[PDB]
Structures are given as C-alpha cells and as structure tokens.
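Analysis of the macromolecular model
Chain by chain, the residues run as shown.
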Amino acid sequence: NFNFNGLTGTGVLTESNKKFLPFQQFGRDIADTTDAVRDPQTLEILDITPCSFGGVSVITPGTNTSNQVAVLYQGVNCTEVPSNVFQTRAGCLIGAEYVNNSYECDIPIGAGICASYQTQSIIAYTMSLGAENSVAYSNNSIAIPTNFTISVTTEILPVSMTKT
Amino acid sequence: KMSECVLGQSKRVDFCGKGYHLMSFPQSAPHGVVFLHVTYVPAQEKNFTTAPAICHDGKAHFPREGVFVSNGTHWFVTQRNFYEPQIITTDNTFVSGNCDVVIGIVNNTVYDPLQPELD
Amino acid sequence: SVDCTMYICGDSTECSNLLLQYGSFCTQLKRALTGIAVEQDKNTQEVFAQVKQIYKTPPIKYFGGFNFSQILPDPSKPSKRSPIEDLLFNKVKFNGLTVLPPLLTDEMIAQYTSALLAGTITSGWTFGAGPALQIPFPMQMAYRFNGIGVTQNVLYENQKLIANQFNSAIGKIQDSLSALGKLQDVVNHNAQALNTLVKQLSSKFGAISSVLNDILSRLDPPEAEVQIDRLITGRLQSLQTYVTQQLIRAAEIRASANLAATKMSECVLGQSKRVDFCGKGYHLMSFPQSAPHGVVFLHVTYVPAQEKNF
Amino acid sequence: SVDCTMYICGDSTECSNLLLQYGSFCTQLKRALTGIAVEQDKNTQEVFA
Amino acid sequence: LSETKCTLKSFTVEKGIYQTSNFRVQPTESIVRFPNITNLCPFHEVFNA
Ligand SMILES: *[C@@H]1O[C@H](CO)[C@@H](O[C@@H]2O[C@H](CO)[C@@H](O)[C@H](O)[C@H]2NC(C)=O)[C@H](O)[C@H]1NC(C)=O
Ligand SMILES: *[C@@H]1O[C@H](CO)[C@@H](O[C@@H]2O[C@H](CO)[C@@H](O)[C@H](O)[C@H]2NC(C)=O)[C@H](O)[C@H]1NC(C)=O
Ligand SMILES: *[C@@H]1O[C@H](CO)[C@@H](O[C@@H]2O[C@H](CO)[C@@H](O)[C@H](O)[C@H]2NC(C)=O)[C@H](O)[C@H]1NC(C)=O
Ligand SMILES: *[C@@H]1O[C@H](CO)[C@@H](O[C@@H]2O[C@H](CO)[C@@H](O)[C@H](O)[C@H]2NC(C)=O)[C@H](O)[C@H]1NC(C)=O
Ligand SMILES: *[C@@H]1O[C@H](CO)[C@@H](O[C@@H]2O[C@H](CO)[C@@H](O)[C@H](O)[C@H]2NC(C)=O)[C@H](O)[C@H]1NC(C)=O
Ligand SMILES: *[C@@H]1O[C@H](CO)[C@@H](O[C@@H]2O[C@H](CO)[C@@H](O)[C@H](O)[C@H]2NC(C)=O)[C@H](O)[C@H]1NC(C)=O
Ligand SMILES: *[C@@H]1O[C@H](CO)[C@@H](O[C@@H]2O[C@H](CO)[C@@H](O)[C@H](O)[C@H]2NC(C)=O)[C@H](O)[C@H]1NC(C)=O
Ligand SMILES: *[C@@H]1O[C@H](CO)[C@@H](O[C@@H]2O[C@H](CO)[C@@H](O)[C@H](O)[C@H]2NC(C)=O)[C@H](O)[C@H]1NC(C)=O
Ligand SMILES: *[C@@H]1O[C@H](CO)[C@@H](O)[C@H](O)[C@H]1NC(C)=O
Ligand SMILES: *[C@@H]1O[C@H](CO)[C@@H](O)[C@H](O)[C@H]1NC(C)=O
Ligand SMILES: *[C@@H]1O[C@H](CO)[C@@H](O)[C@H](O)[C@H]1NC(C)=O
Ligand SMILES: *[C@@H]1O[C@H](CO)[C@@H](O)[C@H](O)[C@H]1NC(C)=O
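Thresholds applied
- Residues numbered from 1 in each chain as written, not as in the entry; some residues may be left out.
- Chains lettered and ligands numbered in written order.
- Part of a larger assembly, values for the part shown.
- Heavy atoms only, no water.
- Contact = heavy atoms within 4.5 Å.
- Salt bridge = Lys/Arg side-chain N within 4 Å of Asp/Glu carboxyl O.
- Polar contact = N/O pair within 3.5 Å; in protein donor to acceptor, adjacent residues only side chain to side chain.
- Nonpolar A, V, L, I, M, F, W, Y, C, P; charged D, E, K, R; others polar.
- Pairing = 2+ DSSP bridges.
- Helix = DSSP H or I, 4+ residues; strand = E, 2+ residues; numbered from the N terminus.
- Buried < 20%, exposed > 50% of the residue type's maximum accessible area, 1.4 Å probe, protein only.
- Near = heavy atom within 4 Å.
- Areas by Shrake-Rupley, 256 points an atom, 1.4 Å probe, with all protein chains shown as cover.
- Disulfide = S-S within 2.5 Å.
- UniProt positions renumbered as here; feature names shortened; annotations may be inferred.

In terms of determination method and resolution, the entry is listed under cryo-EM at 3.5 Å.

Naming follows the PDB entry, where chain B appears as Spike glycoprotein of Severe acute respiratory syndrome coronavirus 2.

Chain A goes by Spike glycoprotein in the PDB entry, where it is assigned to Severe acute respiratory syndrome coronavirus 2.

Quick look at the structure:
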C-alpha cells in the first residue's frame, strides 16, 4: 500500500526500464490507469502491477462416489497460492496428479486440460478430441457397404415458457 | 422441423438426425416437443477396385446410376450405397467418346442382350 | 467476468456495508455474466467438434491432380496451421475485471478443421453419415457433377482443365487476402464497451468527488454516507447497462454460430441444393478454415459460361 | 434519433453542466440508437438487391 | 466439498466443475513515499540576533 507524494495506490512495485522526460512524475496507460511512478528521492522509474486476485473452483467426482476434491486457483501463479501442485494455462491445480495418458474429456478444466476420478481422487490432463480413424485412400480403391442398421434418436426442444 | 422432418423427407444433412433421414415422429413434452428420428445407417463395408469407365470396341462406357467394381478378377456394376453386383451390359451403361481421353479406363467386355438372344 | 463488489466499493469498507443494503443485485449480474461465458464454449463445440474421429490424409498426397497444399496443415510449425489459416491469424488486470481463457486452444480448433478437411478429400460425404468410405477424388468429383445435373463424362473429358481452374481460383484467394471486418467488429465493440465501464469510475454522479477515500477523508460518517450512496447508485447503474448490452450482444453471436453449424453440416459434410446457401452458382463442395473467434468457408461452385442461342 | 441532451435539459445551461457529472450516458445512448439505424438499410439491401 | 454444497444450496452435488470462490493475495504494511524537504525557516536569526 503505497503513497508517492500524493499518488495513493496498491500493488507490486518493480524496477522499470522506461525513460520519462525529466519533468514527468508518473505514467499512465490507455484507459487511464497509473502504471509507473518515479521515486522522488532517488528519481528512478518503477512499474506498478496489481497484486493477485482470482476465482476458486472446486472439482469433485460427486459425493455419491467420493468426498475427495481438487481446487483450481484461476490464472494465479502456483507459487503464491497460500502433494500435487500442477500449473495450467488456466491456473494452479491442487489435489490432482498429472498423467501422460490421454483419451476423451470428463470434467473440463480449460486450455485442453480435463480431470477425472480414475487413477481415485481428482486429476488433470486435457480431454483429447476423439479417436483416430485412418482411411485407406488410393487412386483406385472404393469401399461399399453390405448391410445397414435402422437407428432412431431423440431431439428435445422448448417451445413455451410460463405466462406471468 | 415439424414441417420438414414429420410431414416430409429431408435431404439436408444432420437436420433430422444423423444418418440418412427416413422419417420422424413427434411426441409432446411439458413445455416442448420431442422428435424421434428414424434414419438409415450403412454398415459392414468391403473394399473393391474401381475404374471410371470401361473401354470396349474403341468406345468408353460409363454407368447409368452406379459404380464399376472388381472383385479381383471380374467387373460388375453396383448401386453406390448397397452392394449388389450386376453384369455390365448396354442397358446399365451409356457411351460417349473413344477410350483415350479418360484416365483410368480399363478393358472389359460390355454385353449386348439382343445380339445372342436374336441369334 | 466482473466482481460487482470490487468494481463498486473497491477496497473501502464503508462502501461494502452500504451496498449490502441493496439485496441480490450483484448476484444476479454475476449469474448473467457467467451464463454468457458458458455459452461461448458451446458455440465453438457446436461449430467445430462435428466429427467422430481425427482423420488424416495419406502421405503420398496425390488427388489425381487437384492441389490442396495451401489448405492442408503445415508440418513445420508449432501450431500446425495451414498457409491460409496463417494468413487469417495475422489480420485480426483492473478493478475487478477478468478475462477467462477458452476451453479449446486454437491448436485444437485447427486440429478439428484439418480432420474435417481430410474426411472430405478422402471420403466425400460418407463420413458425415457414418463410417468413412474411401473413393478416388476424380470419381467423387464426378458424383458431384451429377448432383448439379451435369452428366459425368463432362468431368472425365475435362479433368485437367477443371483441375487447373480449381488451382488458379485457390491461388487467387491468398492474393485477395494478403474482408475480415466482421471479425474485427466484434473485438472492437467488446473492447470499446469495456473501456466505457472503466472510464465511468471517474465520475462523481453529483457527489463532491469520485474517489472513495477523499470523500470520507474530509468528513464524518453521517455526512459521508450521503455522498457514498450517490457514488454507489451511479456505479451500479453503469454495471447494469454493461451487463444488459452484453446479454443482447451474445444472443446475436449465438444466432451466427448457429448459422455456422448448419453451414458446416450442409455445405462441408454434404452437397446442398438450397440456392445461395453455399455461394453463387451450383454448389460443388466447401472447405472450412479456422479464423480467430470465427470460421471461413471456401465454397467451390460451378458457373456456366459462353452460351449460344438455338 | 434522439439527442440525449436536448431531451433531458432542452436548451438550458444550468442543467447541461449538471448532466456532465454522469459521464458518457448520452454518448452511449446515441451510439446505440445510431447502430440500429444503420442496420435498417442493411436489412433492405439484403432482401432486395 | 462443503463450500461447493453451500454455493449450490444442496446436500448432493452431481459431477461437474463449480466455481466456488476467489483467491486474492494479501498486502502487508503501507509504504508512504514522498519528496525531500525545502528550506527550513530561518528561525536562527530571530532567536539569536
Ligand atoms: C533526497 O535526499 C536524499 C538524501 O536525504 C538524496 O540521496 C542522495 O543521493 C545521492 C545520489 O546523487 C547520493 O550520492 C547520496 O549519498 C544520497 N544521500 C543519502 C543520505 O543517501 C536524494 O538525492 C535527494 N533527492 C534528490 C532528487 O536529489
Ligand atoms: C446384416 O446384419 C444383421 C444384423 O443387424 C444380420 O442379422 C443377424 O444375424 C445374426 C447371425 O445370423 C443373428 O444372431 C441376429 O439375430 C441377426 N439380427 C437380426 C436383427 O435379425 C444379417 O445376417 C446381416 N446380413 C448379412 C448379409 O451380413
Ligand atoms: C481396405 O483395404 C485397406 C488396405 O489394406 C485396409 O486398410 C489397412 O488395414 C490394415 C489392417 O487393418 C492396417 O494395418 C493398415 O494400416 C490399413 N491401411 C493401409 C494398408 O493403408 C482396410 O482394412 C480395408 N477395408 C476393409 C473394409 O476391408
Ligand atoms: C468374382 O465373382 C465371380 C462371380 O461371377 C467368381 O467367379 C465364379 O465363381 C463361381 C464360384 O466360385 C464359379 O462357379 C463360376 O464358374 C465363376 N465364374 C463365373 C463366370 O461365374 C469369382 O471367383 C470371384 N472372384 C473372387 C476373387 O472372389
Ligand atoms: C486395351 O485394349 C486395347 C485394344 O485391344 C489395347 O490396345 C493395344 O495395345 C497393344 C499393346 O500396347 C498395342 O500393341 C496395340 O497396337 C493396341 N491396339 C490399339 C487398337 O490401340 C490396349 O493396350 C489395352 N490396354 C491395356 C492396359 O492392356
Ligand atoms: C500446389 O500449389 C503450390 C502453389 O501454391 C505449389 O508450390 C509452388 O510451386 C511453384 C512451382 O510449381 C514454386 O515456384 C513455389 O515456390 C511453390 N510454393 C511453395 C512450395 O510454397 C505446389 O508445388 C503444388 N503442388 C504440387 C503437387 O504441384
Ligand atoms: C442470342 O440472340 C439474341 C437476339 O435474338 C441476342 O440479343 C441480341 O443482342 C443484340 C446486341 O446486344 C441486340 O441489339 C438485340 O436486340 C438482341 N436481340 C433481341 C431479340 O433482343 C443475344 O445476344 C444472342 N446471344 C447469344 C449467346 O448468341
Ligand atoms: C547563537 O549564536 C552563538 C554565537 O554566535 C552560537 O554559538 C556557537 O555554538 C556552536 C556550537 O555550540 C559553536 O561551534 C560556535 O563556536 C559558537 N559560536 C561562538 C561565536 O562561540 C549558537 O550556536 C547560536 N545558536 C544557535 C541555536 O545556533
Ligand atoms: C448413487 O448412489 C446410488 C445408491 O447409493 C447408486 O445406486 C448409484 O450408482 C450412485 N450413482 C453414481 C453415479 O455412483
Ligand atoms: C511464476 O513465477 C515464477 C517465478 O518468477 C516463474 O518462473 C513462473 O514462470 C511463473 N509462472 C508462469 C506460469 O509463468
Ligand atoms: C511424460 O512423458 C515425458 C516425455 O517427454 C516425460 O519427460 C515425463 O517424465 C512423463 N511424465 C510422467 C509423469 O511420467
Ligand atoms: C495411380 O497411381 C499409380 C501409381 O501407383 C500410377 O501408376 C497410375 O498410373 C495411377 N492411375 C491413375 C488412374 O491415376
């Protein structure tokens, strides 16, 4: 919590590498927020970055399966959170182990990272896209079906809501 | 969807189910509607070898509504979605041109039904 | 996502107890914004994840001629995008405000689009109705000429000319590219609507000042609560305006992603007879490419030329 | 279109300077109303031309 | 798990992923920066003449 001869603010202070003109005190961003200052006594430029905030999410396999839980701190660097600590493009995940396998998605974490209660507890590791089919294409080959199946599926659509 | 899947047969892909639309049935729900889509799905495929045309007597023959296929040694015509091979005759093929402009022509005999029967 | 309490009050504690008196106004706004964010991932799942398997093109890569090299993936890249998808991607913390990342990376989106492309080039329209059944590309092109009412020897006797015309038309697209204003407009309107919400924090709405410390710092509680309630009223009105417009703007993006899903089904996974749904002319086939926050469809059509009278 | 300032104040400077304490409400309102006047010409260009 | 049950207002949560709260680092101490000092009143001549 800082006060630079009038400028009151909060944040992390860091050594800069910008160069003010020798009469300018602080710098502003587009959308007009203070993002640099000059220290009056030593006259050096320091950047002002905001601290760290973010949502907290809880990943559960369902209380009818287990009571273990994993926790996602969203877009927080996993070194400033307060076992399994795992860093994701979506935040820091605690309480799930990261495996190297891959096949489908169960609980979506983000940025191609999913979790499941398998190997159980909570885990993190994308969710893949789908199987892998390899068509034997050639310049004189064809495949023709010899049988069929009759299939029937459903589709549900809302038409109305309640008149109040 | 009630107009195009229940009172008709749709050709639009993936509009009345997944597969080839045969028919649809409506059912009422609390504040909406359920469609039951009946579609055809092909199954159990085999590979064969194909050609675009058949050369015979210096002419190029194309199938009227099918594909030319080969089981390894013989040449037939099927319809494209269900395997049902037929002898290539002048009743299920048509002619246009000579057989040196198409690429992939194969040599095979096209059977004339009148020629023997008459004689 | 906006934290209602941190945008309004913001650190101060005299403001949180006063805002607690308004009920569930801030819970509603967070629900409204969270619904919008969950809808944006379903938009993308509905447009792009329209394929069971991840199909691959064969190594030889020779479609009896036709040349698809500018739209197939580039193996010498971390992103594995195509040449035209690389052209398209070079043309397009605060007071409680946060940006969440999409569930699908755009590597994943490029991987869905290349599989849709290899399904089409190798199996025609059979992979959209069941298992992929290979067919040679010239014969698939001849099936499609039948679908527009042309007899199929017109293709086989003109194969080289038809392949050259396709190749030149594909070459002209990069030059016409190296347009995307419909994708820039969405980004611009959203950034500009987010800039106004932040600028609305330096307004006094009829209080002495617009900074929650100086207001109190120069007065008692009985006298400051009056000004802080005016500040609260203005800042809550601004946030409601913002959220209502995001709700109206997301329903417009959803109607567009719904049109894209229908086009991907009907112009890429099949051949359409609907007039002008897949370009001008008689629809032959269509190819998808991923753009930032969007999709590009390259429609191949047949246009008649050089008529005589009889 | 509606001029937001002339609707609220209507040729009065005492009211206009007090209206400046709310920020960009009238700019927002005019921008919203103009964007739906531009959409109407696009609507009939897309049907008839 | 209990914070999730409270967020949903239920005693049975079905499988999924739920946003439950937020993590905000905490700041300690308040550093007040400022400038040096100007001339000091010449009190030494009025008192020491
Ligand atoms: C404000 O005063 C401090 C000292 O009270 C000055 O700090 C001096 O900075 C010079 C650098 O040119 C050093 O060589 C001195 O040793 C520093 N003095 C002390 C006591 O640390 C500071 O420079 C002054 N502010 C300005 C703008 O000159
Ligand atoms: C086509 O597929 C059907 C299955 O859908 C085959 O019929 C099945 O045959 C097995 C073995 O004879 C029986 O156990 C099943 O009861 C049959 N299913 C039904 C629904 O009757 C049929 O034989 C296949 N046809 C060909 C030519 O392969
Ligand atoms: C069609 O023929 C191809 C060519 O052999 C078959 O595809 C190969 O199948 C084997 C065994 O499943 C694989 O190991 C190869 O990788 C496949 N691809 C090749 C050789 O390019 C395919 O199974 C045949 N299809 C049917 C329906 O019988
Ligand atoms: C391709 O199909 C033909 C069917 O016309 C097969 O040839 C016949 O096979 C039957 C039974 O083996 C014999 O009774 C006939 O004499 C054969 N010839 C004719 C003209 O009918 C042929 O064997 C099949 N080839 C393969 C590789 O399966
Ligand atoms: C298909 O049949 C034609 C006619 O029977 C073949 O043409 C002959 O090919 C031989 C060998 O190349 C030549 O010596 C003859 O002069 C050709 N005759 C004519 C009229 O062109 C043709 O080669 C056959 N195709 C294949 C692949 O065997
Ligand atoms: C497919 O088309 C591309 C053009 O977009 C071909 O690549 C170019 O080929 C010309 C000569 O034909 C070269 O001068 C260019 O440098 C090539 N551009 C590249 C490699 O980026 C490509 O060869 C065509 N494919 C085939 C199989 O011919
Ligand atoms: C087919 O014939 C018609 C004429 O019957 C051509 O239209 C003529 O074009 C000339 C020059 O533009 C006009 O001066 C005539 O008035 C037109 N005729 C009529 C009846 O209006 C038409 O261009 C011809 N098209 C082709 C492909 O030959
Ligand atoms: C008032 O004036 C007297 C004399 O001018 C100051 O006395 C000086 O004190 C310092 C420190 O004790 C000595 O180093 C000097 O030698 C003294 N001066 C003489 C002439 O002896 C006294 O300091 C002054 N008062 C103040 C408050 O500064
Ligand atoms: C939920 O519990 C019931 C009974 O305890 C059990 O039959 C059912 O399989 C459970 N569901 C899951 C998903 O485990
Ligand atoms: C977290 O901070 C450390 C220390 O600077 C840094 O090495 C790491 O890269 C940061 N996290 C991310 C995701 O960059
Ligand atoms: C996953 O595979 C990589 C291969 O580069 C390896 O380095 C890593 O140790 C593996 N992870 C685990 C948990 O075994
Ligand atoms: C198919 O490719 C083979 C190469 O294995 C070549 O010999 C043949 O001429 C080609 N035929 C057609 C019809 O493209």
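Digging into the interface of chain A and chain B
A common measure of how large an interface is: the accessible area buried when the components associate. Contacts between the two partners involve 23 residues from chain A and, on the opposite side, 32 residues from chain B. The tally of links between chain A and chain B comes to one salt bridge. Where A:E155 meets B:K1, a salt bridge forms, and the shortest distance between an N and an O atom there is 3.4 Å. At the boundary of chain A with chain B, the tally comes to 16 residue pairs in polar contact. For the side of chain A that touches chain B, the per-class residue count stands at 12 nonpolar, 10 polar and one charged. One ladder, built from 17 bridges, connects strand β15 (residues 141-158) of chain A with strand β2 (residues 32-51) of chain B; its direction is antiparallel.

Some remarks on the pairing of strand β5 (residues 67-70) of chain B
Residue and element names in this part refer to chain B. Burial of β5 is two-sided: the residues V67 and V69 facing one way and the residues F68 and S70 facing the other way are all buried. Two strands pair when backbone bridges link them, and β2 and β5 are joined in this way by three bridges, in the antiparallel orientation. Residue pairing for β5: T50 is matched across the bridge by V69. Summarising the sheet, β5 and strand β6 (residues 75-79) pair through four bridges and their orientation is antiparallel. In the strand pairing of β6, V67 is matched with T78. Two successive antiparallel strands, β5 and β6, enclose a turn made up of four residues, where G72 displays a positive phi of approximately 130 degrees.

Details of the pattern of salt bridges
In the structure shown here, the tally under the stated rule is 15 salt bridges over all chains. A salt bridge links A:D106 to E:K15; the nearest nitrogen and oxygen atoms lie 2.6 Å apart. Linking A:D106 in the loop between β11 (96-98) and β12 (107-108) with E:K15 in the loop between α1 (2-8) and β1 (16-22), this pair reaches from one chain into another. For C:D86, the salt bridge goes to C:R81, with nearest N and O atoms at 3.2 Å.

A few points about the site of ligand 6
All names here are of chain C. Inspection of the region around ligand 6 gives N67, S69 and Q70 as its neighbouring residues. For ligand 6, an oxygen atom lies 2.3 Å from a polar atom in the side chain of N67. When ligand 6 sits alone it has 590 Å² of accessible area, and the protein chains cover 19% of it.

Re the UniProt feature "disulfide bond" in chain A
All names here are of chain A. Here the UniProt disulfide linking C78 with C92 is intact, its two sulfur atoms sitting 2.0 Å from each other. Residue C78 shares its accessibility class with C92, and that shared class is buried. Between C105 and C114, where UniProt annotates a disulfide, the S-S separation is 2.1 Å; being under 2.5 Å, the link is counted as present. Assessed through its relative accessible area of 27%, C105 is described here as partly exposed.

Some points on the UniProt feature "disulfide bond" in chain B
Residues and elements named next belong to chain B. Look at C5 and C16: UniProt has them disulfide-bonded, and their sulfurs are 2.0 Å apart, which fits a closed bridge. Residue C5 is located in helix α1 (residues 2-6), and its partner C16 is located in the loop between α1 and β1 (20-29); the two are separated by 11 residues in the primary sequence. Taking relative accessible area as the criterion, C16 reaches 3% and is therefore assigned buried. UniProt pairs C55 with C99 in a disulfide, and the coordinates agree: the sulfur atoms lie 2.0 Å from each other. A residue pair is termed long-range when its members are at least 10 positions apart, and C55 in strand β3 (residues 54-56) and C99 in the loop between β8 (93-98) and β9 (106-107) qualify at 44 residues.

Digging into the arrangement of the chains
Out of six pairs of chains that touch, the pair holding the most contacts is chains A and B. Without any contact between them, chain D and chain E keep their closest C-alpha atoms 31 Å apart.

Considering the state of the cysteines
Each disulfide is one covalent bond, formed between the sulfur atoms of two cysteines. Applying the stated criterion to the full structure yields nine disulfides over all chains. Note on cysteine connectivity: A:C78 is disulfide-linked to A:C92, with sulfurs 2.0 Å apart. Residue A:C78 is classed as buried on the basis of its relative accessible area, which comes to 16%. The disulfide partner of C:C267 is C:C278, and the gap between their sulfur atoms is 2.0 Å. A torsion of -75 degrees about the S-S bond marks the disulfide between C:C267 and C:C278 as left-handed.

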